[PDB]
Each structure stands twice: as C-alpha cells, then as structure tokens.
Amino acid sequence: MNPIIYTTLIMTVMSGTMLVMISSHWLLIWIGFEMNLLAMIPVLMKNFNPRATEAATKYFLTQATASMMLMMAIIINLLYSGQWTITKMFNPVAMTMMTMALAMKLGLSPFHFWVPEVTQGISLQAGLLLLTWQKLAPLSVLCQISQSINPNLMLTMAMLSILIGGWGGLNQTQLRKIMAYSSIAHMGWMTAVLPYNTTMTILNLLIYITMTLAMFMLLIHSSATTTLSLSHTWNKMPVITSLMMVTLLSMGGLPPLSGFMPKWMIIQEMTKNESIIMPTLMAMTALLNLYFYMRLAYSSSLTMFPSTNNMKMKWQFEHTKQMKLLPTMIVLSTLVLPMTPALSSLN
Amino acid sequence: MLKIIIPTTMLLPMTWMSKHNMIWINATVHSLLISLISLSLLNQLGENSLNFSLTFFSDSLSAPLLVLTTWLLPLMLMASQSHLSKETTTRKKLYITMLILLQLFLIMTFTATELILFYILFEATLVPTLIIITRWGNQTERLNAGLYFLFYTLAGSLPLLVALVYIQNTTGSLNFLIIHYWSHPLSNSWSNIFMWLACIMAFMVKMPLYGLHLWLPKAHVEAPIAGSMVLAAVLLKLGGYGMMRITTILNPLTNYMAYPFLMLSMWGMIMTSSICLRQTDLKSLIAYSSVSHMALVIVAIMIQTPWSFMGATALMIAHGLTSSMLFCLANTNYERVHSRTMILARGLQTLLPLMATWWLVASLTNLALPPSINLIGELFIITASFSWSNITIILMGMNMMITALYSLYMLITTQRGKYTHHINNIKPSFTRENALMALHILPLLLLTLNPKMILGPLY
Amino acid sequence: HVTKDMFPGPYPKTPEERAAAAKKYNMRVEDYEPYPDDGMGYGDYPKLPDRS
Amino acid sequence: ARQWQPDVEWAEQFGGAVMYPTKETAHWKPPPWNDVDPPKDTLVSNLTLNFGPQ
Amino acid sequence: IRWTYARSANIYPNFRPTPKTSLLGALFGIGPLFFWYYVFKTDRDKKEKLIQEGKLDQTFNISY
Amino acid sequence: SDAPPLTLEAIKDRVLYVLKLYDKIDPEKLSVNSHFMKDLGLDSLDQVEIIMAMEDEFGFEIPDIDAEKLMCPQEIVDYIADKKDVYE
Amino acid sequence: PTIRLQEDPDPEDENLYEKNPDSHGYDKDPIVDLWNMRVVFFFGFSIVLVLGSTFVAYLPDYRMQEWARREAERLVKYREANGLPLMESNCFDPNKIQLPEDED
Amino acid sequence: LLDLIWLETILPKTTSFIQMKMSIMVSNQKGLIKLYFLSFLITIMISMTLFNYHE
Amino acid sequence: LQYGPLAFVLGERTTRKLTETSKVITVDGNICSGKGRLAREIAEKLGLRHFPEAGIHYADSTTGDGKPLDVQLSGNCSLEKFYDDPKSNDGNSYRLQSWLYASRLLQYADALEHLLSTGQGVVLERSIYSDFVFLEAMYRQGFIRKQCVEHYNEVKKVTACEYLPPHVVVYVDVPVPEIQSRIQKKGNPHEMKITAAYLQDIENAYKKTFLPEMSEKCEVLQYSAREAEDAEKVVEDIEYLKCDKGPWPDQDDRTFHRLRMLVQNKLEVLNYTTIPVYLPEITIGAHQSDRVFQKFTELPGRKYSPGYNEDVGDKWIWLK
Amino acid sequence: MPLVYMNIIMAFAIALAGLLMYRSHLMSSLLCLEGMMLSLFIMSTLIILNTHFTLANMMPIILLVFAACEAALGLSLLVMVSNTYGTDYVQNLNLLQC
Ligand SMILES: CCCCCCCCCCCCCCCCC[C@@H](O)O[C@H](CO[C@H](O)CCCCCCCCCCCCCCC)COP(=O)(O)OCC[N+](C)(C)C
Ligand SMILES: CCCCCCCC/C=C\CCCCCCCC(=O)O[C@H](COC(=O)CCCCCCC/C=C/CCCCCCCC)COP(=O)(O)OCCN
Ligand SMILES: CCCCCCCCCCCC(=O)SCCNC(=O)CCNC(=O)[C@H](O)C(C)(C)COP(=O)(O)O
Ligand SMILES: Nc1ncnc2c1ncn2[C@@H]1O[C@H](COP(=O)(O)OP(=O)(O)O)[C@@H](O)[C@H]1O
C-alpha cells in the first residue's frame, strides 16, 4: 500500500467517525458509518495473508448487517413520526432495532464473537485502531439516544459482555485475543452506566482508550503476539516489561492506579439509582480480567523465563522507530487517580 | 501530619540517588530518623483526637500503629540486606522502593479521616506486597501464594466499596467524625444484614478469620523475610483497625450478627493452636500462631466493650513485635541451612548461645508471660469475654495451654537435644542479626513500663 | 538434586507401580504397603509400623 | 542456594494454542510465527475446448 | 524431603470426596461450631432474661 | 477429537473384511496366514488388485516394491502397523 | 545432549568471615560494613531507643488525669461537706428533659 | 481434613474449577460464521419478543 | 531526514538509482576453495562493495566500535571446538549453525540496505540461500539432531521469504581431494580434522540442491579451480548476462519501499531468529541469561544508546 | 398501515433471515444483503411519497449509492477469498477461532 493511499484511508475512517459525531440528521449518521466501514476494510488488510482476508470478510459481514438493521430502525422511526433528527426515537420497535444494531457494531455480547477473531487476524496497528477508534461513533450515537434506552436490554447485554469477556480471556495464550476480550468486558462496563450518566460512559471510554493505546504500543515496541514471545522481552528490554506489568495492574482496576477510577465512579453512580446487586456482580466478575492480567504479568515481568542464544545478537541493536506518545500514555494509564474530580469538565 | 509523610516520600529520591554501596546505610539511618519523628504522635488529648486537617487525623489507636510501622521499616531493611547481596543495584533500589511505598501507604491509611480514602490506601497496600512476594520470593509456590493473597482480599473488599458509597448516598458523608456524631441505630432487616456483612467481611478476611485464612500460611511462608515481617506485624492489623472504625454504625445489629464470627474465632483459635503442634515447617508454625492471636483479637472487637478494645489494641502491638522477631529468628537458621524443616537443624543452643537467648525471650513473649503486653492484652480480652459469658473461659483456658505447648515445643526442637552431625556450616552469629533481635525485643519489654501508650482510645 | 519422579505420588494400583514405589522409598517390595486408597490424601506414602 | 526461576517444562504450559487443553482442542495447532499460512494446492482447472473440426 | 512433601503438598492431589471423608469433614468442621453456638446462646438468653426480671445481683459490676 | 487409537485387532478385522469381499477368494478357506498364490491360487494381478483394495481401505498409498512383499493377510497387517506406527 | 538447557550451576554460598574474620555481617567491604554497624547502633540504640523512651516518659499530661483527680477531690470535698450524695443516678438534669406526655 | 482439604475444596478450588469450566465453554468455538450468525438470529428474535413487548 | 514514509512520499525513489551494475552477486564454493579472492577481484573490477564472509563476530563489526566482543557475550559458540568435538553433548554444533545463519541474515540485510540506498552493487561470499548445505552435512555426519533441522527450516521459512535473491550466483568448483590437499597445506590444526565424508556431504548438498534451486530464479556461473584464478574472464562473463529470469524485473517503487523499510531496522530483520522453540542446544537458562546480559550491559559503550555513553567520550549528554 | 407496508417489512425480515442463515456460497449472502437494501429503498420511497416530504425524495438515491459501495466491497472480498481457496464456501474461513 502506498503511504499516501494509507493516509487517505485513515483520514476517511476518521472523517466518517466525525461525520457521525457532528450530524443532526439520521441519514448523515448512517452515511458516516458507511464511509467508516468502506475506508476501514482495506486497513485491516494492509499486510496480505489468508488470515487478514478472513478477518476483513467477517468484519464486513458483521458491520453490513448492523448497518442494514440501523437503516431499518431509522425508516421505522420516520414512518411513525416524520422526523429525521437524532433526538429520541418515537417507536419502541425502532428503539430495539437501533440498540441491537449499535451493540453489534460495538461487539457487545451476544454479538461479541467477531471481535477476538478479527483482532487475531490483523496486525497490532490494525488491532489498535479497531479497539480504540472504532468505538467512538456507536457510543456517541448511544449517548445521544440514551433517554430512549430500554434499561433491561442494555443492562443484560452489558452484564453478558462483562461475564463473557472475563471467561473468554481466561483461556487465551495469544495476546491479541486477550486484548479483544478485555475490550469486550470494558465495553460492557461502558454500556452498563449509559442509561444513568453518559459522563461516566465518556470517562470510562477515555480511560480505556488510554490504557489500550499504552498496551498496544508496548506490544508493538516489543514485537510479540504470544505469551511465550513476550516471555523473552525481559532479556532484551526489562524496562518495557516492568512498565507493561504496571499497566496490566492498572487495567485490572487495582487502586491507586488509573483503571480503578472508572469502575469506582460507575459503581457509585449506580448506587445513586438504587442499583446495588448489579454493580456488585460486575466487580466480582471483573476479578476474572484481573486474574488473567496477573497471569500475563507472572509470565512476562515478575519471573524470568528461559531465553535463546540468538538473543545475544539483538543486544547489539536499538529501535530505529520510536513512539512519541508512549511515555505520556503510560503515565496517563497509571497516575491520574488524584485528578479524578476533573471529570466534571467532561459534562 | 505532612511532617511524617513528606520525609517518607523523600526516602525515594534519596535511595535512587545514592551509590551502589551506600543504599542500605542511608535508608536505615533516615528510616530510623523518621521513626523518631513519628514517635511524637503519642501525645494524645483524651477527650477527642488530634485533627491535623480535613484529610488526616491521629488517634490513641492510630498512633501506636504508625509508630510500629515506622519502626518496622529499618528492621526490614536490616533483615533484607543479607539475602540481597548478590542482587543488582537497580533491583535492590526497586526492592527498597517497594518497602518505602508500603510504609507510605500504611501511614496514610492509618490517618485518613474519610472511609473512601481509607479504602483506597488500604487497597493500594496490595500492589507492593504482591510485587515483593512474587518477585523476590524463593520457591516456585510464591506465585500461587500471591494469587491467594490477592483474590482472598479482593473478594472481601469489593463489596465493602459498594457498601461504602451506598452509605454516603444515604448519610451524606463518610468522614469518621460526622459518621460517629450522627450515628443512628441499624434496624433488623435483610438490607441491614447484608450491609453489615459487606462492611465486616473485608476486615474479617484481612485478620484473617478462621475459614478465610488459607491465604495466610501460603503468603507468609513463601514471602521473603521483609515481606513476612510486614505481613505479620502491620498488614494483619489493618482489618482490626478497620473494624474498630466501622462498628460505630453497625449497632445494635452487632449484638445478634456477631455470633457466627465469635464461634468461628474461638473454635478456630483452638484449631490453629492445635495445628501448630504438628507442623514440619518452622514458618508455618509462626503463621498459624498469628492466626490464633488474631482470632482472639476478632473476639475482642466483636464483643464491643471498652476492656475488649484496650486488650485488642495491646494484643495487636505485642503480636506485631513478637511475630516479626520470630520470623527473623527462623530466617537466620534458614540462611544457615537453606531449608525450613524444623527437625533438620537441632541442638543449636550449643553452637549459637546468644541466638538461643533471643529464641527463649521470643518464645516467652509468644506464650504471654506476665507482665509482658501480650499477657496484658490477652488478659483484658479474656476478662471481657468472661463478662460476655462465663463459659468462654473454658475455650480461653484451652487456648492458653496449647499456646505454651507449641511455643516451647519449637524452642525444644531447635535449641535443645544434640546437634545434627553432618551440618558443619553453622557460622557464629553476625552482629547484624543480634542487633535486629535486640531492636525487636527491647521496645517490647520497654512498653511494659508504660502500657497506657498502647491501650487505645478507650483508656 | 531430588528430581520430579523421586517425590511421593498417587496410590499405586498395578504391581509394577508398587515395585517402583517400593524402590522409590528404599524398601523391599514385600515390605512396602501403602495406606488404604480412600480420599484422606495419603497417596503413595508407605504405612510403616506404629512403633515409637 | 538460589531463587527458583521457570524452566522449559514450566514454560511449555503457555506455549499451546489455548490454555486448559481439552480433547477437542488438543488437535488445535498454534498459528504460524508470521501470520502467513502455507498456500493450498487448490489447482484451478483450465477449460478444455474442442475447436473444430466442424 | 519425601516425608515433608507428603505431609504438606501431596495431600490434596490424592484427596477424593468419599462418604467417609465427607461425613468426617462435616462433623469435625461444623458440629463444634453449632454446639458452641447453642451453648453460648442458651447461657446468654438465660442471663438476659434474668436481667430483664430484675434479679442478677449485679452490685459493684462497673467494669466490662 | 480425531479417530480413536486404531489397534492391531481393528486393522486385522478390516483387512479380512476387505479380503473376503474379493470375489476370487473362498470366504471360509481364507485365513490370516494364507498365502495368496499358494493357498488361494491367485495370480500376480490378483495380488495387485488386493493391494489396491488395501490402499482404498486404509487411505494411504503403497509402492510396488513393498506390495511385492505383502503375500498374505498377516504381512499386510504388519505393513499397515509399521506405516501407521501401531504397537498394539 | 541428554540436557534440557544451558544453565549456570548453582553456586555455593560465600562466608563473610572468610575474607573478613571480623565482618559484622553487614557488607563485603570492611569499611562500609563497619560504618553500617556504627550507624545502625548509634541511630537505633543511642538515639531512637534512649531519647525516645525519655521523651515518651516525660510527655506532658495532655490526657488530663491529674486534672481529673483534682476536680474529683474538689467535688468530693464539697459534696460530702454539704450532705449531698457523692454521685447522682441521673447524668443529665431531669428538668431539661421533656418525656412524652402520655405513656398509655 | 479441614485446612488442607475441605476449606481448600469449598472456597478456592470450587471457584477455580467453575471458572475454568465456564471459560472452556465460552472460548471453544469453531470459528464458523454460519453458527455465529445463527446465534445472532436467535438473539434478535429473543430481544424482539421478551423485551420489545415489555414497554 | 531518516528514510521513511515521508521520504518516499516527497522525492526519494529506488528505481532512480539502479544503474544496471547493481547485480547482487554471491560467490559460493566448498571449504578452503579460493572463493574469497575471486569475490574480492570481482568487486574490485566491477566497482562493487565487497562483503567478507560473515563469521561469528560479524554483528560486532557493525555496532559500537568494530572490535569483536567476547565469545560468551557474542556467539557463544566455537568453530575450532566444532572441528575438535563435532558430537559434543553441549550442543555447540547447532548453536554455531544457528548463530551463523543469523549473522548471514544480518549481512544480507546490510547488503540490501546498501544497494537500495546508494545504487552501488554488492558482492557476498555465502548467503542465507546456501547456508543450509553445512547444516545438511552436519545432519548426515550425525553432528546434529533432526529437531535442530526442523527448527532451522522453520526459521529459514519465516525469514528468507522477505528478501530478493541475488542476481548472479557464482560457484567455484574444486574436487574433494584438492580441497583436502589445500587444507593440509594451510596448516591450521583444527581444519586438519575435517574428514572427507563431511566435505563430500557439503559438495553433494551444493550440487544437488543449491544450484538447481537458484538456477530457476538466478543465473549460475560455474567455474573450475584453474579457470577461477582469472578475474577478467569471470567479470566479462558477468557483464554479458541477461537478468531476465527472477523476481527483480518485477520490482517497482512500492515493493522497493517495503524492502527498504525491512532491511533497515535490524531488530525487525532478526525478529524470528529467537522464536520460542525450546531446543536444548540453543536454550539458555534464566540465571545464565541474566548473568550474561548484565555482563553485556557493563561493556564500555553498551549501557546506553550509541550517542549517550559518557565513558566512551560522549559529550553534551544533558542537551541531547 | 396499508398491507403494502406489512409486505415490504416482511420482505426485509425475510432478507435478514436469509442473510443470517448461511449455506455454503458467500454470493447468496451478498444477494441477501442487496435484497435488504432494495426493501429499504422501497419502504423509504413509499413513506416519503405518501407524506409528500419533497426534500426527502433525494434520500433514497443516496441510499442506492452507498448500497453500490457495499456491493462492490463484498465482491472485492469474495474475489480474494476465491483466490485463496478456489471456492467461495464460508466453511474455509475458519483459520481464526474465539
Ligand atoms: C544485658 C545486660 C542485662 C543486665 C544489666 C541491666 C541493668 C539494670 C536494668 C534494669 C532496669 C529496671 C527497670 C525499672 C523501671 C525504671 C524506669 C521507669 O521509672 O521509667 C518508666 C518510663 O518508661 C517509658 O515511659 C516507657 C518506654 C517507652 C517505649 C517506647 C520505645 C521507643 C520507640 C521504639 C519503637 C517501638 C515500636 C512499637 C511502639 C508501639 C516508668 O515511667 P513513670 O513511672 O510513669 O514515671 C513517672 C514520672 N515521670 C512521668 C515524670 C517521668
Ligand atoms: C474471601 C471471601 C469472602 C467474601 C465476602 C463476601 C461478603 C459480602 C456480603 C454481601 C455482599 C453484597 C452487599 C451489597 C452492599 C450492601 C448495600 C445495601 O445494604 O443495600 C441493600 C441491598 O442489599 C442487596 O441487594 C444484597 C443482595 C446480594 C447481592 C449479591 C449476593 C452475593 C452473595 C451474598 C451472600 C453471601 C454473604 C456472606 C458471604 C461470606 C463469605 C463466604 C438494600 O438497599 P435498597 O435497594 O435501597 O433496599 C432497601 C429499600 N428497598
Ligand atoms: C473400459 C474399457 C477398458 C478396456 C480397454 C483396455 C485397454 C488396455 C490394454 C492394455 C494392454 C497392455 O498394456 S499389454 C501388457 C504388457 N505386457 C505383459 O503384461 C506381458 C508380459 N508379462 C508377463 O509375462 C507376466 O509374467 C505375467 C503373465 C503378467 C504374469 O503376471 P504375474 O506376476 O501376476 O504372475
Ligand atoms: N555455515 C558454516 N558452518 C560451519 N563452518 C563454516 C560455516 N561457514 C564457514 N565455515 C568455516 O569457515 C572456515 C573458512 O571458511 P572457507 O570459506 O571455507 O575458507 P576461506 O577462508 O579460504 O575462504 C572453514 O573452516 C569453514 O568450515
């Protein structure tokens, strides 16, 4: 792929997302989704191999079905009220269709099956883009129509997402599938609090995006895609493994790290609405994500796995390409808990 | 309160800017100076607490715990510097950083005025301990231990968090002073029962309560010597402290709710004291003895009388000092013979007489010989339990006997008899080990002269 | 220097397993008799005479 | 004595295609080191045509 | 080493839930707790009912 | 999971099943030790056809040099066991 | 190879007394070891233990125990000089207490 | 009997066993879009019936 | 401006520098054949950059100061002890073979970087395409296990697929008895221990696998011992070749850009050399790995990045 | 609602069901996607014509435009899939699991 072509494709993806963000008309939001998918399919296939082709095909099928359901919901809403503005849907059937379509776009359970496969089939850069930037548009649409959310369906999908993310992550040795299941669980956390406080949803999205960017950049810097490949990093760059262990602890929600701030806030917000059982179950379930993060930390930085002889050669060479935003991303992923009240700036 | 927190924070750049051969000296000297500075919080007012600011406050209960933490840091450095000799400079600095962060989190935990900040710091203590255990532990089991030590804790603490925020939604505050002054009775209902359980269970598992204690033998046995010292001396007390702060809003529910926990604590102190009689590992015996003493503390907190609270405070302080000393004593022999089996190295009094004296004094304090503060706390708890119910003495009495039966047993197993013939690498005791033993034991005997310093606010 | 197969294992059922366990504990196979195979956790360890 | 560190046998627990190997996933194979599978011998048949005689 | 390992680590891998094992575990685990609960609850209920009747002879009982 | 751990007994049964399906063989005069040319009175081309049936049954090719040696059902069983690495 | 991996052999522990017959158990370098001993002893036994005990022993009576004793002495003297009971069964004045007007 | 077996059996070992079984059930999929989209159809029907009719 | 996407976007192209004399050339041959002199003479006559055969310490030549490092910090293998004890149970044979393949991969990356950045051609002695013959010999003499061969094939399969084969493959043919005579006349005691079977295995592997495989994508020039001494005829034979066979004519600016992104960034080149396949011969334990890495970081100019080690004379560190 | 509206909505439901239940060929699923788009076009056109929403008359055309893009996208992917396997059967797309 030409660098100019790749830049144009990335700009088209971002401009489709922004068109979704800035539109007041349902047709323009649908157009933004369509443009985003059209430009995003080639990016998944930059490095050509059968696995990338399969991931692109699965992604296209899922997103096209979601787009068709999205348009059907829009058309039913127009039928029952001659309105195109994205304010609040006037038909419960259209609302159910829209909720299911946006859940399929986000990958919430039980529409989660494509996320680990597509993440495993693409490179780490494509995985970073897919798991960070692709969540903005459906979440923005869901935030705009939050007052029309049926709480039962949304909360059921969120709880299923948390549970399934934990259970699926428990079984993985590939790092991309671990990241995908973490994404599913975090998306469940994001959508659990949506019918109550969209500011908490935005804060959770920001924290998750920062930690995911740090994780994927640390995985690109130490070019590992499996657990055993990552077990070799300590013998070449120990600082990377130490920072990765701290970031993994933050992703587990352990205080006083940054990852604790969203869940905490979400929990307290839910208790303001006499929701007690569900936050308790969600936290006890996120314990599973913490468990497999700790397993990765055990294999990567807290113990020293055996290495190979050829590693000596790698001792003689540095990294020619540096990621400029990795240190800031790590610091934001760990030490921003004392700045918690700043969330008032988000509303 | 910043006059203690800020120097503890300054310990970090000071240890990261030192030479490769001067880290231990600087860390020990300035930790001792910080302990001396913290010694000034014992000037308590009686009626109310020392309210430094909106964030921090000191109490007749918090001050001995803070002094114990600050005193335990230099002893931990002294015990650590032996087995870390072959280690690289950067990793040694990282280990010392872990210890300093643990001290900072503990001193901020013991003085926070609101329950949410207390929860945040009380959970933040988990990370340095887990890192220490899993990174500088010696055996392959350490990883498993860490997992236990993590999840057993979190399964207790996550409900509490929910309960905490729930309380602030109905009361409007989680500040301890406001919470105490505006306290209202807890009605008898399922909601109140589950709120009680959520408020109690995290501190229960941190004590640990019998039945929820399986994490402790693993974590204490597989931890390095400093990790074991801090786990036994200070961390186990957190839950105890938490209970004395949280039970002010749980009345009168505690009168009927506390029954299963009291039964578990008494029968489990009997069970763990019996377990100590058949233990092939020397560290496991000390861990189970810690479990028994903390069961006594749990009973004292549950029965909720002024004498019980005084006894609990005294017993927490005494147990911290005694257990840390016992772990250090075991670690000396482990460094000698590279094994934890009790019957491997016998007849050590013949080869190490002063270490045998230290062993005897530690064993005597462990079985609560009067007038040691261990005996003071135990006697106060026993009297309060007798007032609660006259039958309790039976269980209490049994525990006392069994305690001696295992305490002297350990001594008799390791000091008396004849030496093992083929073990020929038992060198004379170093000055460092003797000084560590003395710095453990002298404050213990000194505190007998002024017991009111460690009897808490109910004094 | 005590390797993985020199540690006690599960309860032996075949005669070859019994001979291997007996040699592992430095006993005659005629003299080696483990605890009964209930769930008490004794496993492979020999049941020695109850003398003091 | 020295601290225990993982060896090859300890490391191979994390080398399979999946944790917790069952009987169905025992035949699963880890993906290639680069994300490139070997090409399949799916030979595309040409079309055979009779050009003439009529 | 074999003795220590068998006494400590080899026990759970060789444990089977058995009617004997289950019954002994249930007895030795929960029986004493319920026995002591019954004893203490009986004693304290008797004492509280005695107090409510105005007869305990609690004179000079000012430390608790 | 894949096919169960094929054993010598199943291989022997399959070999006799496909051998008795051959029309030029008396179904009861055939035994595992019977020589094709001598006991069964078959020719070389009949033996080649039997090897084709063997290849069809067990799903793997057999070269000519080896097939010239398989001269009775037991030799076929031994060859299949060696090729499939079966000890019992 | 019949070996599984290339590994360093487990070394034997070194005696600090071998190179330094009076080695204090603090460090391999005799000067650093001696000064570690000196600083530990001076700042633990000499300063924290002796000064700290002395400082704790002479802490001012902020707990108000002598004050309470003198107040009790004054109250007892006054109350037994005027025929009043030494203590009242009521901690607060019943005159400022308004019980519910009806009990049935 | 108690510390090494039954207290181990009830709280930690049962948790590990249950979570391992659930993880094996959840993550062991054949990776065929046919089955996934059949499940999607089932989910759409369930959401359209059990939730959309409750408003 | 370091070369990257931005340099490619505005200006910098590869095809503008190819000038018909690029012609990646490798001069192969058996042990002790005079391929080195022929390679040097070809480079001198055709104006190309010569690459001496990549040894154990080739990586040391291109990093830090060009001086070689200690054997336990670089290579961890010995050719002399391979000649002494080819069947040693410490796995020196396959460790040496894997290290030499890694060195040859790095040298091929360096040569491709030079050619794609300057347009000047390169001459190599051996290559990653012919490194296997020794391996096969090692396997046919019982010096290495089958598992080592499988691991080598995995590494080669994931590494050599990313590069373009050389334009010209020159083979110097010397019979085995002449090779043995040259070895005996050389005088080095360790090479005296080479048996005729090992040399015959190398020759068989060459003649039966390497040349037939390379002839499909490259042009092969075979020369005997006597006719290899005249560099002029070899050079004029190369000068009159038609390079219309392999994948080089199919290369445009974009594939050249991908290749140039790959040939720099030596860590990305060496990525799959250390795949987590645990062969005892090449697996290093955690304690030995830690000790050797700590020893490496204490080298005079290796603690920090090249321009940040003040103990080797780096200045203005606080402003860099 | 007229019975024509119900027929069009049922057509969309049938096309969605046909897409969600896969047979071997991927081309059939692509055709189901196209049918879904056609039913959406018809439904929107009928609503806009009935309500006399003049400016919305350009809405269906835009729909068609993006339909084409989607169609093209699918066909592109199909080509590559066939090139890998010589077939467009969806059971060959199983290299990745959950
Ligand atoms: C090895 C050789 C052994 C033989 C040689 C020994 C020689 C003889 C030694 C025997 C001494 C006999 C002891 C008798 C007691 C005399 C001292 C006593 O009077 O002082 C006590 C005072 O002791 C201190 O108050 C208690 C010690 C303080 C404890 C703090 C330890 C230092 C901090 C280190 C950290 C510890 C961590 C744990 C802390 C919670 C009592 O105070 P008090 O009767 O009221 O005085 C009232 C009058 N005042 C108030 C005006 C002063
Ligand atoms: C190491 C293992 C230790 C684990 C300890 C776990 C113990 C946790 C105790 C219970 C946790 C749930 C408590 C939730 C926080 C309490 C908040 C509260 O009090 O609100 C109650 C809500 O109470 C609940 O909803 C509780 C439901 C329980 C949900 C989760 C069940 C988990 C299992 C509970 C039983 C086990 C408890 C003891 C376990 C001990 C460990 C073995 C009522 O609020 P309202 O909605 O306003 O109603 C009044 C006006 N209508
Ligand atoms: C569908 C319609 C098909 C009909 C068309 C068929 C057309 C094909 C015609 C092919 C003709 C040939 O190839 S001609 C075959 C080539 N020539 C020979 O086979 C004769 C020499 N062989 C011998 O003499 C052997 O000894 C022998 C007697 C075999 C003993 O075999 P055994 O070792 O077992 O004992
Ligand atoms: N891949 C390899 N495996 C083993 N030995 C090698 C390998 N490559 C080069 N050598 C050794 O390098 C030595 C000298 O290299 P060579 O090219 O044969 O002779 P010359 O120095 O005259 O060019 C030889 O002893 C040869 O064995």
Side-chain angles (χ1 to χ4, degrees), chain B residues 19-40 42-47 50 60 67 70-71 74-75 77-78 81-83 85-86 332 335-338 425 427-436 438-439 442-443 446-447 449-450 452-453 457 459, chain G residues 4-5 7-72 91-92:
Chain B
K19 265 160 189 115
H20 64 106
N21 67 335
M22 305 294 294
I23 48 171
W24 302 114
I25 282 168
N26 302 354
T28 305
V29 161
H30 293 284
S31 304
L32 284 159
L33 288 177
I34 283 174
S35 173
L36 185 81
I37 292 301
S38 86
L39 208 53
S40 88
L42 291 171
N43 201 233
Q44 289 300 330
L45 310 177
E47 325 304 337
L50 290 170
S60 194
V67 171
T70 58
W71 178 251
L75 306 190
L77 292 164
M78 281 177 219
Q81 68 181 101
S82 172
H83 86 273
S85 53
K86 281 174 127 233
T332 53
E335 277 164 356
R336 298 280 194 283
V337 306
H338 304 303
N425 54 345
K427 307 285 155 54
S429 300
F430 294 110
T431 307
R432 187 187 40 88
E433 311 166 330
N434 273 321
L436 174 80
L439 291 181
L442 293 194
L446 277 171
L447 278 175
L449 306 181
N450 212 10
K452 76 167 174 284
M453 287 294 129
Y459 185 90
Chain G
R4 293 293 303 161
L5 162 154
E7 185 56 88
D8 282 345
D10 198 13
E12 190 84 13
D13 213 84
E14 184 50 301
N15 186 14
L16 281 181
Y17 289 134
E18 197 34 285
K19 267 142 118 143
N20 193 2
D22 42 6
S23 89
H24 280 322
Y26 283 101
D27 202 282
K28 285 191 329 151
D29 196 274
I31 290 127
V32 179
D33 162 74
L34 167 82
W35 277 108
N36 210 334
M37 187 267 312
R38 296 249 195 67
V39 300
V40 154
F41 269 63
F42 177 71
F43 282 100
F45 299 104
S46 280
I47 300 298
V48 194
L49 270 58
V50 181
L51 306 182
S53 304
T54 309
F55 175 86
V56 168
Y58 285 101
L59 275 185
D61 185 44
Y62 274 45
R63 273 194 184 92
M64 300 308 251
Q65 194 198 90
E66 337 289 326
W67 175 92
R69 183 43 80 109
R70 294 185 291 256
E71 205 93 316
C91 180
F92 302 98

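Excluded from the calculations below are hydrogen atoms, water molecules and symmetry mates; all remaining heavy atoms, backbone and side chain alike, are included. A, B, ... follow the sequence lines: proteins, then strands. Residue 1 opens every chain.
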Evaluate B/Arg432 against G/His24 for side-chain contact (heavy atoms from CB on, under 4.5 Å), listing each step before the verdict. CA-CA 6 Å; B/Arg432 187 187 40 88; G/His24 280 322; over 6 Å; no
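Using a 4.5 Å cut-off between heavy atoms, G/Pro11 contacts chain B through its side chain alone, with no backbone atom that close. Contacts between B/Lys86 and chain G at a heavy-atom distance below 4.5 Å involve the side chain alone, from C-beta outward. Contact annotation for G/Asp61: neither backbone nor side-chain heavy atoms come within less than 4.5 Å of a heavy atom of chain B. Using a 4.5 Å cut-off between heavy atoms, G/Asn36 contacts chain B through both its backbone and its side chain. Contact annotation for B/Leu33: only side-chain heavy atoms (C-beta onward) come within less than 4.5 Å of a heavy atom of chain G. If you measure heavy-atom distances from B/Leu446 to chain G, the contacts under 4.5 Å come from the side chain alone. Contact annotation for G/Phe55: only side-chain heavy atoms (C-beta onward) come within less than 4.5 Å of a heavy atom of chain B. Only the side chain of B/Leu442 comes within less than 4.5 Å of a heavy atom of chain G; its backbone N, CA, C and O stay farther away. Proximity to chain G involves both the backbone and the side chain of B/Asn21, based on heavy atoms less than 4.5 angstrom apart.
Atom OH of G/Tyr62 has 12 or fewer neighbouring heavy atoms from other residues, nucleotides or ligands inside a 6.0 Å radius. Environment of CZ in G/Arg4: sparse, with no more than 12 heavy atoms of neighbouring residues, nucleotides or ligands closer than 6.0 Å. Summarising the local packing, CD of G/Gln65 is surrounded by 12 or fewer heavy atoms from other residues, nucleotides or ligands at distances under 6.0 Å.
Of the listed residues (G/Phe41, G/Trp35, G/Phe45), the greatest number of heavy-atom pairs within a distance under 4.5 Å of chain B belongs to G/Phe45. With chain G as partner, the option from B/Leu45, B/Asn425, B/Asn434, B/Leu39 having the largest number of non-hydrogen pairs under 4.5 angstrom is B/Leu45. Per-residue counts of heavy-atom pairs under 4.5 Å with chain B were compared for G/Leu49, G/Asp33, G/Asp27; the largest is that of G/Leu49. Counting heavy-atom pairs closer than 4.5 Å to chain G, the top-ranked of the candidates B/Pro443, B/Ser85, B/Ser429, B/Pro428 is B/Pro428. Among the candidates B/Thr28, B/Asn450, B/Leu449, B/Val29, the residue making the largest number of heavy-atom pairs closer than 4.5 Å to chain G is B/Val29. Between chain B and the options G/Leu16, G/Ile47, G/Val48, G/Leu51, heavy-atom pairs under 4.5 Å are most frequent for G/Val48.
Taking the centre of each ring, G/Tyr26 and B/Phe430 stay at or above the 6.0 Å mark.
Shown here for B/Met78 and G/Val40, the closest heavy-atom pair between the two residues is CE-CG1, 3.8 Å. In terms of heavy-atom proximity, G/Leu59 sits nearest to B/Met453 at CD1-CE, 4.4 Å.
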